[PDB]
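In what follows, a single structure is set out as structure tokens and then discussed.
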Amino acid sequence: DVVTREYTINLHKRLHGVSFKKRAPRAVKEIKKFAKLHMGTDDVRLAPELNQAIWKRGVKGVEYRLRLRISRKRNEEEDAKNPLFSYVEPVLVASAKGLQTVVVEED
Amino acid sequence: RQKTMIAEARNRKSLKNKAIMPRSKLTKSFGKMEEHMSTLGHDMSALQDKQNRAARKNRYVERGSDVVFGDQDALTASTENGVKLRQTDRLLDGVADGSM
Amino acid sequence: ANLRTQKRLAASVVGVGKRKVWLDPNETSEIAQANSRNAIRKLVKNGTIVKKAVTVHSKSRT
Amino acid sequence: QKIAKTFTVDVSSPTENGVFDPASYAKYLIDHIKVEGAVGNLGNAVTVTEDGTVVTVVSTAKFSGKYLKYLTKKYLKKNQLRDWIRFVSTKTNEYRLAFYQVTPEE
Amino acid sequence: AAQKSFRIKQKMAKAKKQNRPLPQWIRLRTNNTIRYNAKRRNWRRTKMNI
Amino acid sequence: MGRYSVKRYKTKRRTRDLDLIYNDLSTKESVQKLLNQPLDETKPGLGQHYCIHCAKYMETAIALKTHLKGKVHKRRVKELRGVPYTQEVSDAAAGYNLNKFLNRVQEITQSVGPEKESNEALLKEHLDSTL
RNA sequence: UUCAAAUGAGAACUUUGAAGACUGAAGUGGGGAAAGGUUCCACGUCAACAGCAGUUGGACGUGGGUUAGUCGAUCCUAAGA
RNA sequence: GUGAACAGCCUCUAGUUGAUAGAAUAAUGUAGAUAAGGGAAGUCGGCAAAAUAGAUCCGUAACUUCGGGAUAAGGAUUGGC
Ligand SMILES: [Mg+2]
Ligand SMILES: [Mg+2]
Ligand SMILES: [Mg+2]
Ligand SMILES: [Mg+2]
Ligand SMILES: [Mg+2]
Ligand SMILES: [Mg+2]
Ligand SMILES: [Mg+2]
Ligand SMILES: [Mg+2]
Ligand SMILES: [Mg+2]
Ligand SMILES: [Mg+2]
Ligand SMILES: [Zn+2]
């Protein structure tokens with residue numbers, strides 16, 4: 001099924017205690033696992049703008065909270081091992097605090 | 001809105017490591033132009049007319065090369081060593097036939 | 001495709017380092033066709049290859 | 001000494017495409033041009049006028065084309081047109097507003 | 001060295017012209033026992049020693 | 001916690017407190033006893049050249065003059081300008097012994113204040129004359 | 001170190017773009033002397049080698065490339081032979 | 001740029017981003033740190049660490065081949081506007 005939602009991921013408690021050279025790569029992997037949990041799709045693709053948002057303050061300056069837009073869509077290629085995949089985009093907001101999960105109407 | 005503009009500018013800019021690409025050298029799309037001008041709230045009639053004129057001017061007409069060679073390729077046997085027509089092939093010039 | 005040769009040729013033609021040369025990722029086949037500095041110059045002219053500006057070292061604080 | 005200098009800006013292309021307001025642009029220039037480090041000090045020194053397609057600035061007090069381009073780029077950024085409209089020089093002290101390159105959608 | 005003698009350059013030219021694998025038509029000859037170039041030289045394996 | 005704070009403000013490396021220095025500066029008799037001392041080998045400068053505000057002994061008169069013509073002494077004097085901050089201040093801040101604190105405040109404002117200021121002025125002019 | 005696309009049967013390691021860093025002009029930059037000898041560059045290309053991998057390579061196959069009255073040798077003499 | 005400075009640190013031009021990787025965070029290690037009160041009671045032996053450190057000002061003994069010792073020793077200061 002095709003669906004789009006906006007989430008907030010708490011990267012602070014997921015990166016708590018991580019070595020400074022590994023913080024941003026582990027943030028990438030935590031976002032992939034987060035999307036896999038919320039959409040049931042092992043295929044998760046992150047937008048390069050989301051990668052920029054993760055890496056904006058260096059390798060050890062990841063944000064505590066990130067506002068993500070996750071779209072479960074259809075894998076249109078006929079060689080796909082899974083029929084659906086997740087696409088994760090950044091949501092550049094005034095503040096990531098106090099935001100609940102919402103459903104975006106795909107129009 | 002001002003806070004959102006600050007956040008978007010911070011995400012876009014990377015000035016400490018490299019410069020921003022020049023807009024005079026880049027090109028953009030009329031779909032993005034129309035959506036931005038619609039967000040600003042102008043009238044898109046003149047811009048849409050200019051885009052329609054440009055699109056109707058940019059015409060593709062099938063030529064004889066499209067008719068004959070459009071779905072084909074090659075026309076010449078590919079050499080084993082990637083050589084030109086008059087380039088010697090030290091390894092294989094003594095063996096004329098491909099079976100041998 | 002392998003555009004290492006085209007990146008080197010574009011740097012040499014434009015007169016900057018390879019760090020200041022931008023190859024359009026959408027015109028990959030067009031860039032791959034360019035084996036010569038003349039074709040590289042044509043690509044620079046039509047905007048497939050772009051020279052980037054220098055990174056700023058401002059002297060305001062100094 | 002105080003030889004008057006004339007700077008022209010051609011706003012015809014954005015105005016005819018209906019994304020620009022020459023009167024607002026000229027009023028912005030009048031309100032934001034600085035003389036001896038302060039705005040609102042254009043007494044018989046800087047005059048800005050517009051006739052719908054050309055904005056003319058006549059100045060006898062330290063006005064450059066670089067300053068005019070700086071102010072015009074500030075105005076375009078304020079109107080969120082900086083990503084689409086640029087300020088260029090056709091000849092010396094004669095300028096125009098152009099659009100950046102846009103490929104048709106088809 | 002870039003500024004080399006003609007004698008050195010001549011030996012280098014001979015080495016370059018010797019540097020090749022076997023011609024393939026040699027393998028097709030009757031009673032051929034030559035199956036590879038046993039005296040092949042590479043610049044990073046065996047030095048020419050001047 | 002850190003090494004600088006620990007090795008400076010260790011318990012055995014303590015200096016005289018602001019309220020004690022205020023009580024030393026309050027009266028002229030205390031000023032006289034601190035200025036005129038017997039020669040003691042265990043103190044630097046034989047117990048002479050003693051800055052009361054900084055509660056510190058210098059080795060020589062020129063050293064005391066240089067110390068007085070410096071920002072450290074000025075910082076100490078500005079710190080001592082105010083209320084000496086006894087425990088009554090904290091009790092009153094919590095709302096405890098408020099009348100006692102008000103009585104101490106008015107006594108400081110009336111009696112002990114100007115007399116301490118006059119003693120400071122006389123000490124300063126004595127140091128200027130003798131140095 | 002990371003993201004996307006491309007290529008490919010196959011991509012942590014190839015290419016382009018998007019990012020984060022580093023050498024910091026006594027350089028991880030630009031040239032030379034000794035030495036090496038084609039390693040330079042292009043096209044093809046993966047069995048072996050590159051202590052993982054590999055579509056990449058200083059690897060394998062086939063070719064192209066070094067233009068002087070003025071830069072050097074050549075001439076002079078040094079310790080010496 | 002800081003700074004006495006081709007020092008250390010940060011940056012521009014140019015050049016790299018190479019060295020098998022992933023997941024956890026037991027003991028013992030290697031490299032680096034902090035620590036109440038005491039202050040060499042440790043040890044063959046203060047080994048190792050710690051403490052000192054730039055600059056300005058005050059001041060500086062025995063001895064001496066009269067040149068030194070000497071930055072002797074011992075004190076005071078340092079920001080911003
Ligand atoms: Mg930890
Ligand atoms: Mg650095
Ligand atoms: Mg060279
Ligand atoms: Mg090569
Ligand atoms: Mg291997
Ligand atoms: Mg080869
Ligand atoms: Mg201790
Ligand atoms: Mg003992
Ligand atoms: Mg013992
Ligand atoms: Mg001594
Ligand atoms: Zn004092």
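Just so it is clear, the values below take in all heavy atoms, side chains as well, and ignore hydrogens, waters and symmetry mates. Every chain is numbered from 1 and lettered A, B, ... according to where its sequence line falls, protein lines coming before strand lines.
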May I ask you to say what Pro44(F) touches in the nucleic acid, namely base, sugar-phosphate or nothing, with a heavy-atom cut-off under 4.0 Å? nothing
Heavy atoms only, 4.0 Å cut-off, all strands: where does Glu80(B) land among base, sugar-phosphate and nothing? sugar-phosphate
Those residues at least two apart in sequence (or on a different chain) that pass ring pair (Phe, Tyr, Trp, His ring centres under 6.0 Å) with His67(F) are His73(F)
Anti or syn - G37(G), cut at 90° from 0: syn
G27(G) to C10(H) separation - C1' atoms, rounded to the nearest Å: 16 Å
Wobble or Watson-Crick pair present, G36(G) with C13(G), both under 3.5 Å: no
Side-chain heavy atoms of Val31(F) within contact of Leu122(F), under 4.5 Å: no
How far, in whole Å, is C60(G) from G17(G) if one measures between their P atoms? 31 Å
Tell me whether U2(H) is paired to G8(H) (Watson-Crick: purine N1 to pyrimidine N3 plus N6-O4 or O6-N4; or G-U wobble; cut-off 3.5 Å). yes
Should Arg57(A) and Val62(A) count as side-chain neighbours, where that means a heavy-atom distance under 4.5 Å? no
Under 4.0 Å, heavy atoms only, any strand: does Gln87(B) hit a base, just the sugar-phosphate, or nothing? base
Selection: residues 34-42 of chain E, any non-hydrogen atom under 4.0 Å of RNA chain G: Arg40(E), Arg41(E), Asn42(E)
Check this one for me: any side-chain N or O of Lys59(C) less than 4.0 Å away from OP1 or OP2 of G1(H)? no
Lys9(E) near the nucleic acid: base, sugar-phosphate alone, or nothing, with a heavy-atom cut-off under 4.0 Å? nothing
Between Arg5(A) and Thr101(A), is there a side-chain donor-acceptor contact under 3.5 Å, judged purely by atom types and distance? no
Is the base of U28(G) syn or anti, if syn means a glycosidic angle within 90° of 0? anti
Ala94(A) meets the side chain to side chain contact (heavy atoms under 4.5 Å, CB included) criterion, sequence neighbours left out, with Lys3(B), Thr4(B)
If the glycosidic angle sits within 90 degrees of zero it is syn, else anti. Tell me which applies to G51(G). syn
Given the options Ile62(F), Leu68(F), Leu64(F), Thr66(F) meets side-chain contact (heavy atoms from CB on, under 4.5 Å) only with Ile62(F)
Test log, rule side chain to side chain donor-acceptor pair (under 3.5 Å), inputs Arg72(A) and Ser86(A): CA-CA 4 Å; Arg72(A) 188 173 58 202; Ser86(A) 296; over 6 Å; no
Does the side chain of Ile54(A) reach to within under 4.5 Å of the side chain of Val28(A), using non-hydrogen atoms? yes
Taking only heavy atoms on the protein side, list every residue of residues 17-31 of chain B lying under 4.0 Å from any atom of RNA chain G, sorted numerically. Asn17(B), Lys18(B)
One character per nucleotide, please: for nucleotides 72-81 of chain H, 5' to 3', B when the base has a protein heavy atom closer than 4.0 Å, S when only the sugar-phosphate does, - otherwise. --BSSSSBB-
Taking the P atom in each of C6(H) and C43(G), what is the distance between them to the nearest angstrom? 47 Å
Those residues of residues 93-100 of chain B lying under 4.0 Å from RNA chain G by at least one heavy atom: none
Does the pairing criterion hold for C22(G) and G15(H)? That is, Watson-Crick or G-U wobble with both distances under 3.5 Å. yes
Expected label for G37(H) (glycosidic angle, syn inside 90° of 0, else anti) would be anti
Distance between the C1' atoms of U16(G) and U55(G), in whole angstroms? 16 Å
Any side-chain heavy-atom pair from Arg23(B) and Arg86(D) closer than 4.5 angstrom? no
Are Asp40(F) and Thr42(F) close enough that a side-chain donor and a side-chain acceptor fall under 3.5 Å? yes
Could you check whether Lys21(A) gets within reach of a base, just the sugar-phosphate, or nothing at all, counting any heavy atom under 4.0 Å? nothing
Could you run through nucleotides 17-25 of chain H and give me one letter per nucleotide, 5' to 3': B if any protein heavy atom sits under 4.0 Å from the base, S if only the sugar-phosphate is that close, - if neither? -----SSS-
Quick test of your reading: by the Watson-Crick or G-U wobble rule with a 3.5 Å threshold, is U77(H) paired to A55(H)? yes
Looking for any heavy atom pair under 4.0 Å, which part of the strands does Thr88(B) touch: base, sugar-phosphate only, or nothing? sugar-phosphate
With rounding to whole Å, what would you report as the distance between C44(H) and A50(H) at their P atoms? 25 Å
Stretch residues 75-83 of chain A: residues that reach within less than 4.0 Å of RNA chain G through a heavy atom: none
Which part of the nucleic acid does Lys18(C) contact within heavy-atom distance under 4.0 Å: base, sugar-phosphate only, or nothing? sugar-phosphate
Looking just at side-chain N and O atoms, do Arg27(E) and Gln24(E) make a donor-acceptor pair shorter than 3.5 Å? yes
Neighbours of RNA chain G within residues 21-56 of chain C, by heavy-atom distance under 4.0 Å: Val21(C), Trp22(C), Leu23(C), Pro25(C)
Just name whichever nucleotide pairs with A42(G), Watson-Crick or G-U, keeping both distances under 3.5 Å, else none. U62(G)
Is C3(G) paired to anything, Watson-Crick or G-U wobble with both distances less than 3.5 Å, and if yes, which nucleotide? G17(G)
Residues which pass side chain to side chain donor-acceptor pair (under 3.5 Å) with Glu49(A), listed by chain and number, not counting sequence neighbours: none
Report yes or no: do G54(H) and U78(H) constitute a Watson-Crick or wobble pair with both atom distances shorter than 3.5 Å? yes
Checking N1-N3 plus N6-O4 or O6-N4 for Watson-Crick, or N1-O2 and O6-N3 for wobble, each under 3.5 Å, the partner of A78(G) is none
Taking any atom under 4.0 angstrom from a heavy atom of chain A, which nucleotides of RNA chain G are the first and last to qualify, 5' to 3'? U1(G) to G20(G)
Could you walk me through whether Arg16(F) and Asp24(F) pass salt bridge (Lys or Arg N to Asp or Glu O under 4.0 Å), step by step? CA-CA 11 Å; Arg16(F) 187 168 182 83; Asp24(F) 296 328; 2.6 Å; yes
Are the six-ring centres of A4(G) and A5(G) nearer than 5.5 Å, with the two ring planes set at an angle smaller than 30°? yes
Using a cut-off of 3.5 Å for both contacts, decide if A76(H) and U55(G) are a Watson-Crick or G-U pair. no
At 4.0 Å (heavy atoms only), tell me whether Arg45(E) reaches a base, stays on the sugar-phosphate, or touches nothing. sugar-phosphate
If you compare every side-chain N and O of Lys7(F) against the phosphate oxygens of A50(H) (OP1, OP2), does one of them come in below 4.0 Å? no
Does the side chain of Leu23(C) reach to within under 4.5 Å of the side chain of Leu3(C), using non-hydrogen atoms? yes
In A19(H), glycosidic geometry as syn within 90° of 0 or anti otherwise: syn
Counting distance only, does the side-chain N/O of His53(F) pair as donor-acceptor with the main-chain N or O of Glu120(F) below 3.5 Å? no
Inspect the six-membered rings of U77(H) and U78(H) and say whether their centres lie under 5.5 Å apart and their planes under 30° apart. yes
Kindly write out the residues that satisfy ring pair (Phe, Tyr, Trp, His ring centres under 6.0 Å) with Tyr50(F), not counting sequence neighbours, or none if the list is empty. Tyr57(F)
My understanding is that a pair needs two contacts under 3.5 Å, Watson-Crick or G-U wobble. By that rule, which nucleotide pairs with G59(H)? none
Using the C1' atom in both, what is the distance from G74(H) to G59(H), to the nearest Å? 8 Å
Measure the shortest side-chain to side-chain distance between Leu25(F) and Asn119(F) over non-hydrogen atoms and say whether it is less than 4.5 angstrom. no
Spacing of the P atoms in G44(G) and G57(G) (rounded, Å): 11 Å
For the P atoms, the ones on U16(H) and on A6(G), what distance do you get once it is rounded to whole angstrom? 27 Å
